[PDB]
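If you want the building blocks of each chain, they are given just below.
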Amino acid sequence: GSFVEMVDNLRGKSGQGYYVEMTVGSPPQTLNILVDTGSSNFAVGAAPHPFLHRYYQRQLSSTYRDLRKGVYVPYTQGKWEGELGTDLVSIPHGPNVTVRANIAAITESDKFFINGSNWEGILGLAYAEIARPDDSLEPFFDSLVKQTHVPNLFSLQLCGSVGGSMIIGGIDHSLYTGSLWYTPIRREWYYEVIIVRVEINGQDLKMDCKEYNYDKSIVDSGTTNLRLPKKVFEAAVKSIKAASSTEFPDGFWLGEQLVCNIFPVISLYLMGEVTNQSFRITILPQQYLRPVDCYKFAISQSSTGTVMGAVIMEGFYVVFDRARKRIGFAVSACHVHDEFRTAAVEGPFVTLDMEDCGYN
Ligand SMILES: Cn1c(N)nc([C@H]2C[C@H]2c2ccccc2)cc1=O
């Protein structure tokens, strides 16, 4: 319940993700590694791309083993491609273990590394089902749990240069206030959850909740914003527009221009652990209005579903309880609040037909 060694082990810059220090090979080579709950490959810079501070030098590692296979990863607006192998991996500000993990040595990329960023690789923390090239390539966390006695969970306190904590194998009670509330992981592929109701300021959207999860709702540290299906984003914006009648152009709502409280709180009710029981997590404009005093509207549309990104996660201590296929949310001890409104996790609530909120 206390892991001081791991507190404050995350750094980053706004909009460029949160990274943890890791070492790969023998002797250990230090890299900064982006923490990504929305993918499942451990992949690292292995060549002197000009944006890279450093990169994995396989020729220096006695423990490197070639898998003699490639892997090609296109994503929304970019790509990476690499060469698979395994090597010894540790986390200096994490548990005192060393694991043999799969590593993709990145040898070609496009719009993947960021000019001016301070990380050199990515740690995919989601499940094997979305691993590349297929589900046979064991994700890092699976390897860590299989080879050591680290419990099958991790938790994230994303604070917002930004800071935070990744507690590997446990929960640190100093990182949150009040109680953790858990929502089931619906399917172990992404960290998929079911949103059951949406309020802005207090007002239900009265949408068929099946929409809120079309075709997915995921928890993703690798995304900055809260991302909504269009049909849901359309209605969501509509009410935030009306909630904010006192004062902005139409492009601002599409995040096509920047804007330099009158803003409503956003509540998502998540499926609870018990039949007909839910809970709600409440966030602020502080969360969906991120400084770029110009701010970007941090809610946007998706064809792949709801994405609960740093906009949501920075409100809360988030527990990825893999052992029990559930994700816990508590008010984060670091979240940024004013004197009037603070982020909230409240339950229980009575919500019927929560099964119908998910898409098959
Ligand atoms: C939202 N998202 C997430 N979570 N992961 C990826 C994986 C491609 C790798 C990635 C992570 C972070 C930044 C850029 C690329 C793509 C991506 O678009």
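Residues numbered from 1 in each chain as written, not as in the entry; some residues may be left out. Heavy atoms only, no water. Residues with missing side-chain atoms left out of burial classes, pairs and counts.

In terms of determination method and resolution, the entry is listed under X-ray crystallography at 2.0500 Å.

Asker: Lay out the domain arrangement of the protein chain with the relevant residues and their values.
Answerer: Entries for the protein chain in the domain assignment read domain 1 (18-150) and domain 2 (151-360). With centres defined by C-alpha atoms, the gap from domain 1 to domain 2 works out at 28 Å. Both sides together, the interface formed by domain 1 and domain 2 hides about 2000 Å², and carbon and sulfur atoms give 64% of it. It is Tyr18, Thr37 and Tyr127 that lose the most area in domain 1 upon contact with domain 2, and together they represent 41% of the buried surface on that side. Counting every contact that joins domain 1 to domain 2 gives 2 salt bridges. In this structure, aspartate 142 engages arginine 322 in a salt bridge whose closest nitrogen and oxygen atoms are separated by 2.9 Å. At the junction of domain 1 with domain 2, the criterion picks out 11 residue pairs in polar contact. Ranked by residue count, the leading element in the side of domain 1 that touches domain 2 is helix α1 (residues 140-147), at 4 residues. In terms of residue class, the side of domain 1 that touches domain 2 is made up of 13 nonpolar, 4 polar and 3 charged. (Domains from an automatic or database assignment. Buried area = accessible area lost by both parts, 1.4 Å probe. Salt bridge = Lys/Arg side-chain N within 4 Å of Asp/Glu carboxyl O. Polar contact = N/O pair within 3.5 Å; in protein donor to acceptor, adjacent residues only side chain to side chain. Helix = DSSP H or I, 4+ residues; strand = E, 2+ residues; numbered from the N terminus. Nonpolar A, V, L, I, M, F, W, Y, C, P; charged D, E, K, R; others polar.)

Asker: Before we move on, can you summarise the UniProt feature "active site" in the protein chain with the specific residues and values?
Answerer: Listed under "active site" in the UniProt record, and renumbered for this structure, are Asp36 and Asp220. Along the chain, the position of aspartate 36 falls in strand β3 (residues 29-36). On the accessibility criterion, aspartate 36 (10% relative accessible area) is buried. Here the side chain of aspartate 36 touches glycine 38 through a polar contact of 2.9 Å, landing on its backbone nitrogen. (UniProt positions renumbered as here; feature names shortened; annotations may be inferred. Buried < 20%, exposed > 50% of the residue type's maximum accessible area, 1.4 Å probe, protein only.)

Asker: Describe in detail the pairing of strand β6 (residues 78-90), supporting the description with residues and values.
Answerer: Of all 13 residues making up β6, 10 are buried, and the element is well covered by its neighbours. Pairing between strand β2 (residues 18-24) and β6: 2 bridges, direction antiparallel. Within β6, the position partnered with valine 24 by the bridge is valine 89. Here strand β5 (residues 65-75) pairs with β6 via 8 bridges, running antiparallel. Looking at the pairing, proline 74 lines up with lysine 79 of β6. The loop that links β5 with its antiparallel partner β6 comprises 2 residues; one of these, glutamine 77, has a positive phi angle of about 60°. In terms of strand pairing, β6 meets strand β7 (residues 99-110) through 11 bridges, oriented antiparallel. Looking at β7, one finds that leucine 84 is bridged to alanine 104. (Pairing = 2+ DSSP bridges.)

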